[PDB]
Amino acid sequence: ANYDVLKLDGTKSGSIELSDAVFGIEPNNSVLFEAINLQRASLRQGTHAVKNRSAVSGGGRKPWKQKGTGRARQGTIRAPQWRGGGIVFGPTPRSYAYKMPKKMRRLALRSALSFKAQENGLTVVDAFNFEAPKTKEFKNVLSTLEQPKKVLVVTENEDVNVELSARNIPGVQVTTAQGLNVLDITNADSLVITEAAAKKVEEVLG
Amino acid sequence: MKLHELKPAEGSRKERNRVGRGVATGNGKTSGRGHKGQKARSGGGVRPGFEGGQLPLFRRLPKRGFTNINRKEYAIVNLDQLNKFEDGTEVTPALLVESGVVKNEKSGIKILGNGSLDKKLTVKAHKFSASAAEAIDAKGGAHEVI
Amino acid sequence: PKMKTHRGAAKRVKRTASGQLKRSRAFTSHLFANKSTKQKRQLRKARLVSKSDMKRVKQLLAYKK
Amino acid sequence: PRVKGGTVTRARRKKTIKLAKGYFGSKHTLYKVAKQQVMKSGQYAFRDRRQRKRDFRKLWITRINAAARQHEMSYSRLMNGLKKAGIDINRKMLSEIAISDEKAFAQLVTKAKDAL
RNA sequence: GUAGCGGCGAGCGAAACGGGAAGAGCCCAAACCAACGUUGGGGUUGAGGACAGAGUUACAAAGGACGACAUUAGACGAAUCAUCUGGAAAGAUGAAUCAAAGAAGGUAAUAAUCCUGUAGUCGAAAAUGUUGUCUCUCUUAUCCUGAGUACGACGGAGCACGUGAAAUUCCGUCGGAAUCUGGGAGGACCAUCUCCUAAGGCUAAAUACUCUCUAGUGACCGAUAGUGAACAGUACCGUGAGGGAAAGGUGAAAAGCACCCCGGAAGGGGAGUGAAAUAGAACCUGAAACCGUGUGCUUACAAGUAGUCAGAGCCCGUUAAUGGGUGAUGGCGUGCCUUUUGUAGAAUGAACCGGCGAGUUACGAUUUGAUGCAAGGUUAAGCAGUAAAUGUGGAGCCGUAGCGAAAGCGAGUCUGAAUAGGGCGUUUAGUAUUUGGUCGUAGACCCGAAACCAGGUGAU
RNA sequence: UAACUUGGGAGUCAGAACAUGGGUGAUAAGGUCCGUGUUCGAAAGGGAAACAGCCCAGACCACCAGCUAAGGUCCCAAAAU
RNA sequence: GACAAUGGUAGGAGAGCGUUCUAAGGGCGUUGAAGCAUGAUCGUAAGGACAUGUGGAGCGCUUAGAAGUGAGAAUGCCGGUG
Ligand SMILES: [K+]
Ligand SMILES: [K+]
Ligand SMILES: [Mg+2]
Ligand SMILES: [Mg+2]
Ligand SMILES: [Mg+2]
Ligand SMILES: [Mg+2]
Ligand SMILES: [Mg+2]
Ligand SMILES: [Mg+2]
Ligand SMILES: [Mg+2]
Ligand SMILES: [Mg+2]
Ligand SMILES: [Mg+2]
Ligand SMILES: [Mg+2]
Ligand SMILES: [Mg+2]
Ligand SMILES: [Mg+2]
Ligand SMILES: [Mg+2]
Ligand SMILES: [Mg+2]
Ligand SMILES: [Mg+2]
Ligand SMILES: [Mg+2]
Ligand SMILES: [Mg+2]
Ligand SMILES: [Mg+2]
Ligand SMILES: [Mg+2]
Ligand SMILES: [Mg+2]
Ligand SMILES: [Mg+2]
Ligand SMILES: [Mg+2]
Ligand SMILES: [Mg+2]
Ligand SMILES: [Mg+2]
Ligand SMILES: [Mg+2]
Ligand SMILES: [Mg+2]
Ligand SMILES: [Mg+2]
Ligand SMILES: [Mg+2]
Ligand SMILES: [Mg+2]
Ligand SMILES: [Mg+2]
Ligand SMILES: [Mg+2]
Ligand SMILES: [Mg+2]
Ligand SMILES: [Mg+2]
Ligand SMILES: [Mg+2]
Ligand SMILES: [Mg+2]
Ligand SMILES: [Mg+2]
Ligand SMILES: [Mg+2]
Ligand SMILES: [Mg+2]
Ligand SMILES: [Mg+2]
Ligand SMILES: [Mg+2]
Ligand SMILES: [Mg+2]
Ligand SMILES: [Mg+2]
Ligand SMILES: [Mg+2]
Ligand SMILES: [Mg+2]
Ligand SMILES: [Mg+2]
Ligand SMILES: [Mg+2]
Ligand SMILES: [Mg+2]
């Protein structure tokens, strides 16, 4: 419910009230698993194909007469049992993405955020004061905030200087309030969120 | 949870059966098809409803009736559904769709007499059953065909 | 693609509330002199598709509700 | 993704061939005939684990019969006498005593004769 | 998968409404004027006409001036040293540094700081394109309104629609209107009403495709795979149309073995190079079948699916286990698969070894498990977004009520003269996504005909 | 100790011998067609020399323990010259 | 702890082994990965280790996900060799 609000130097600037309905619920592991699986499946490019017996080059004619040669009967040199033949079934291009009810999506987002709020993996900063992109200064800020390797940085909107400062540090990822997703949140060990971003997240996830 | 500790919900997932992969599965060789006959073949089996040449049921039975091109079907509201609104409220098709009682309007809105009303309302609809009209009028309210 | 309804069957049955199929009766076209009065009177009354036939033909009327 | 045949086939077939060690000619070399023999070997071993109990009881009875005839008695009479006397020494022990300690077997025979 | 079409069989199968992408409107013929029927003016429609700022994307067609942007070469571009093992360091250890750059390749093993690069930024003599401002021109009911037409008969065809009660559209043959008080359509047809105005033409965009080009992507292949083709439509086959392969890998670096010896050579043994030559080119790894050399045990009186159980003798000594190899001799014992009432079967199949080789996916249906919400549940296309999650989108779909062929009535309804009896119903649970099972449409588990049709090639 | 109802998923529609009640044939067939039961099919183990269908009897695995079934006890070959 | 059950073809049901790829986590590797070879090792099975030799650069494990996922027979196809 009540959360400390820190400066970039670690000083405890103030306090914020975060809706228990967003950061305070008991995570639904079933729905969270379904959402992670769904997002991972949506990331798939199903560009995989093989040539079946119709698609293989040539192979129109009968290799030899049906009877009298003493050999097994055959119909085309591109049959699947032939070396160089067509493939039986095999991959064919298709999308792996599927949908889930919107209420389930929201429950998944709330479950991930509440798991972060539990286990003391959430921290709120007062603001980000990056006027120019400086990776070393952002790394210093993270070190002062005493954060683990994997951090998800959440801003209210697209903050270009914060994004440019952070995008080269391994394990650090930056998103906006609207960009929050289960894969990103669960992969991170800690969330560093601005006060305005946290307020917006509460406003939209209710 | 964690990406290295994912767990599907209990009973939510079952491994698919793979036939034709050895005797010990119990679906090797004939792959559950038994031995020979039309049903053992790839693409084999007669069309559904086929009875092997005996006259099919849907040929031995006669056709019946016709479809009315001008058929009207109404969205129906019962009195127990009308309970949702407070006393003195004027009920209209727009109000019903807004409050969500009626999802699709169809040829109109008909009030029906299942359930108990227990409220005084002015109900404006396209059709009323006799019992629905009587109950609306006898609970202190009024109805109008619009 | 979408499964296709069996149009003759759809012309011959109707779906009841519990999911049964109401059907008309055979032997109701002609030759009524060869059938008793009670026979014709009771053939006037509709029946349901039997359970075994339903096992055979359910998918033909899946869309018919 | 494609799954090649790989190494599992060779590993399994090699296990069968190693089990076929000492078999004659192609039966210790070629996987198909080795597999057939190993299957037969298992069936034979199951059957013979059963038959060996009968075989050894047969041997013990033969030896007990010889010892009893030495003491002027048949096997059937000796066993009936032992049962009547209440002696439950089994046939393996009886044959082993008859081989090792002739005097103790003579005492057992005397008890059997007394019971009859 | 509705309405409908259909030996009403198998099957075939809309459209309007609603929600979206995109969006654009115009020019003639004729009435009538002025010039020599042909030209210019006139005009463009649901009642109008006669009479009384726009543009080279249709709407008319040619140029220029200049700008800007893009493509077709390129340039700059941060930051690492030491020790150890090693042939070699990027690896290990220590201590540093850069990052709008921790994409990716290469470098003697695995590098953000060694190289090529990457983030970022800059760049064009010339040529093609896109797009702007100025210019530039173009411009400011008396009469008519599409005739061998519409339409009809016959024969066909296209319409989801098989001639049907068959409207609507088209072709051949033959007939053949009317003229705003006109003409056509609203599924035979008539009347009324409603909507529209055929028999002239033009018109971008949202849509379809990929031999190509540029930049990229993949829970796609990795040399029997992936293109037929990593080295080829070649070799080879055929008169011809046409068919159509096999075949990748030394090493970091050629340092690719000077020299000596046997040998005509081939090939070897040394010596050298190399970390390694059983990495020496037929070159990484080097399985199995198969072929040899040596020998620990055994075998020349013995009748056999070759093993198995028992078991001395001899020889060894382990993942140390009540061990390993061999085996005199005794008991038992007619391979496997398929197909069969029944197969040792003298029924089928396999020479052996190796690789390859068969229930898959998409869209629907149904059922079960799981999960979310619940008298509600849920969006589709689209739009935004990173080819994502997701947000938005409520059109639509399934439920909340059934009964009847239907009009209809409704917790009832149908039948019935019935207030009877009887059928189906009422006397709460659904819905969305998804794992599994099964079915349908697709070649639908794989291989196999004899044949059929179409277009070609052949009388050497 | 089952039985029935409702749903999901099947396979089967070539059967064979033996015994017994019958048809047919010829009180022929290891014939053929029905009734009844068992076994084989889909069942190994013991017996019937060998021998799916006969007799005894239904193998979760191990034992160099014991009692029995059918069938057996002179030798092959366990048990009565 | 004391009772019961466990022959099986077509076939139904359940639980698992192993293969390739992916995600996340945690590791191994020139002080020698995968592969190959040998062994007297382990588990109820599919199968899993360890040691040595060869090899010379990649590869396990955990959880979950996805499949071109397992061959002895097709007078199967290709290659090699009897
Ligand atoms: K003119
Ligand atoms: K006609
Ligand atoms: Mg083809
Ligand atoms: Mg089975
Ligand atoms: Mg098989
Ligand atoms: Mg078969
Ligand atoms: Mg059959
Ligand atoms: Mg069958
Ligand atoms: Mg087929
Ligand atoms: Mg691969
Ligand atoms: Mg294979
Ligand atoms: Mg016994
Ligand atoms: Mg540099
Ligand atoms: Mg007309
Ligand atoms: Mg006109
Ligand atoms: Mg290879
Ligand atoms: Mg190839
Ligand atoms: Mg291919
Ligand atoms: Mg070597
Ligand atoms: Mg080699
Ligand atoms: Mg001899
Ligand atoms: Mg002799
Ligand atoms: Mg024998
Ligand atoms: Mg036969
Ligand atoms: Mg023979
Ligand atoms: Mg045959
Ligand atoms: Mg053969
Ligand atoms: Mg083979
Ligand atoms: Mg199928
Ligand atoms: Mg399926
Ligand atoms: Mg079925
Ligand atoms: Mg017979
Ligand atoms: Mg007889
Ligand atoms: Mg009988
Ligand atoms: Mg059978
Ligand atoms: Mg038997
Ligand atoms: Mg039985
Ligand atoms: Mg006999
Ligand atoms: Mg016997
Ligand atoms: Mg048998
Ligand atoms: Mg006894
Ligand atoms: Mg004897
Ligand atoms: Mg048993
Ligand atoms: Mg069993
Ligand atoms: Mg199953
Ligand atoms: Mg399983
Ligand atoms: Mg597994
Ligand atoms: Mg396969
Ligand atoms: Mg073969």
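Chain letters run A, B, ... following the sequence lines, proteins first and then strands; every chain starts at 1.
Base pair annotation for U239(E) with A198(E): unpaired, by the Watson-Crick or G-U wobble rule (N1-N3 plus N6-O4 or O6-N4, or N1-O2 plus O6-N3, under 3.5 Å). Here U378(E) is matched with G396(E) as a Watson-Crick or G-U wobble partner, both contacts being under 3.5 Å. The base of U145(E) engages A47(E) as a Watson-Crick or G-U wobble partner, both distances under 3.5 Å. With both hydrogen-bonding distances under 3.5 Å required, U433(E) and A346(E) do not qualify as a Watson-Crick or G-U wobble pair.
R110(A) CZ to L113(A) CG: the interatomic distance, rounded to the nearest 0.5 Å, is 10.0 Å.
Comparing the P positions of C21(G) and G60(G) gives an interatomic distance of 7 Å, to the nearest angstrom. When the P atom is used for both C291(E) and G268(E), the distance is 25 Å, rounded to whole Å. With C1' as the reference atom, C209(E) and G200(E) are 35 Å apart, rounded to whole Å.
Checked against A40(G), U433(E), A100(E), the side chain of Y98(A) finds its nearest nucleotide in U433(E). Of the candidates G307(E), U2(E), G448(E), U2(E) carries the atom nearest the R7(C) side chain, counting heavy atoms from C-beta on. With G68(G), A365(E), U19(G) as the candidates, the nucleotide lying closest to the side chain of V50(A) is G68(G). Comparing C397(E), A62(F), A79(F) by their nearest atom to the side chain of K103(B) picks out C397(E). Comparing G364(E), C221(E), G76(G) against the side chain of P1(D) picks out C221(E) as the nearest. For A9(B), the side-chain atoms get nearest to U371(E) when compared with the rest of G228(E), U371(E), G355(E). For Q66(A), the listed nucleotide lying nearest its side chain is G448(E); candidates were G6(E), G448(E), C309(E). Listed nucleotides: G359(E), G364(E), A64(G). Nearest to the side chain of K7(B): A64(G). You'll find that the side chain of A45(D) is closest to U308(E), out of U308(E), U81(F), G47(G). Here the side chain of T135(A) is nearest to one of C409(E), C336(E), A101(E), namely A101(E).
Put simply, the side chain of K58(C) and the base of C439(E) share no donor and acceptor less than 3.5 Å apart. Side-chain to base pairing of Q36(D) with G72(G): one donor and one acceptor N or O lie within less than 3.5 Å of each other. In terms of polar N and O atoms assigned as donor or acceptor, the side chain of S129(B) never comes within less than 3.5 Å of the base of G410(E) in a complementary pairing. Judged by atom type and distance alone, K4(C) reaches the base of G13(E) through a side-chain donor-acceptor pair under 3.5 Å. Side-chain to base pairing of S41(D) with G307(E): no donor and acceptor N or O lie closer than 3.5 Å to each other. Between the side chain of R18(B) and the base of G70(G), at least one donor-acceptor pair of N or O atoms lies under 3.5 Å. Remark: the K58(D) side chain and the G331(E) base include no donor-acceptor N/O pair separated by less than 3.5 Å. For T30(B) and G359(E), a side-chain-to-base donor-acceptor distance below 3.5 Å is absent, hydrogens and geometry of angles not being considered. No hydrogens or angles were tested; on distance alone, nothing pairs the side chain of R13(B) with the base of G369(E) as donor and acceptor under 3.5 Å. A donor-acceptor contact under 3.5 angstrom links the side-chain atoms of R71(B) to the base of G404(E). Below the 3.5 angstrom threshold, one finds a donor paired with an acceptor across the side chain of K102(A) and the base of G393(E). For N114(B) against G412(E), a side-chain-to-base donor-acceptor contact under 3.5 Å is absent. Side-chain N/O atoms of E15(B) and base N/O atoms of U435(E) include no donor-acceptor pair closer than 3.5 Å. A donor and an acceptor atom never sit less than 3.5 Å apart when one is taken from the side chain of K103(A) and the other from the base of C373(E).
The environment of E5(B) atom CD is dense: over 12 non-hydrogen atoms of other residues, nucleotides or ligands sit within 6.0 angstrom. The neighbour count for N68(B) CG, taken as heavy atoms of other residues, nucleotides or ligands under 6.0 Å away, is above 12.
Remark: bases of strand neighbours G270(E) and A271(E) are stacked by the 5.5 Å centre distance and 30° plane angle definition. Neighbours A34(G) and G35(G) stack on each other, since their six-membered rings have centres under 5.5 Å apart and planes tilted under 30°.
In this structure, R47(D) atom CZ and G7(G) atom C1' are separated by 18 Å, rounded to whole Å. At whole-Å resolution of the value, CD1 in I77(A) and P in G76(G) are 18 Å apart. If you take CZ of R53(A) and P of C446(E), they are 9 Å apart, rounded to a whole angstrom. Look at CG on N17(B): it is 9 Å from P on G14(G), rounded to the nearest Å.
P101(A) inserts its side chain toward the minor groove: at least one heavy atom sits under 5.0 Å from a minor-groove N or O atom of a base pair.
Using a 4.0 Å cut-off between a side-chain N of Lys or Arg and a carboxylate O of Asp or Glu, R91(D) and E96(D) do not qualify as a salt bridge.
Aromatic ring pairs are classed by plane angle as parallel below 30°, tilted from 30° to 60° and perpendicular above 60°; the pair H48(A) and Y96(A) is perpendicular.
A20(D) and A34(D) get closest at one heavy-atom pair: CB-CB, 3.6 Å. Here the closest non-hydrogen pair linking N90(D) and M93(D) is OD1-N, 2.9 Å.
Formation of a donor-acceptor pair under 3.5 Å by the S31(B) side chain with backbone atoms of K29(B) is found in this model. Proximity of a side-chain donor or acceptor of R44(A) to a complementary backbone N or O of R40(A) within less than 3.5 Å is not detected.
You'll find the side chain of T69(A) reaches within 4.5 Å of the side chain of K65(A), heavy atoms only.
Residue whose closest nucleotide on RNA chain F sits further toward the 5' end, between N90(D) and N65(D): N90(D). Map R16(B) and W64(A) each onto its nearest nucleotide of RNA chain G; the residue landing nearer the 5' end is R16(B). Mapping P8(B) and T9(D) onto RNA chain G by nearest heavy atom places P8(B) closer to the 5' end of the strand. Ranked by how close their nearest RNA chain F nucleotide is to the 5' end, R52(D) and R69(D) are led by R52(D).
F89(A) qualifies as a stacking partner of the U360(E) base, centre to centre under 5.5 Å and near-parallel within 30°. An aromatic stacking contact between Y44(D) and the base of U308(E) is absent, as defined here by ring centres under 5.5 Å apart and ring planes under 30° from parallel.
Glycosidic conformation at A289(E) (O4'-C1'-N9-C4 for purines, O4'-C1'-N1-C2 for pyrimidines): anti, more than 90° from 0. Base orientation of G240(E): anti (glycosidic angle beyond 90° from 0). In textbook terms, a nucleotide whose glycosidic angle is within 90° of 0 is syn, and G359(E) is one such case. For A42(F), the glycosidic angle deviates from 0 by more than 90°, giving an anti base. More than 90° away from 0 lies the glycosidic angle of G41(F), which makes this nucleotide anti.
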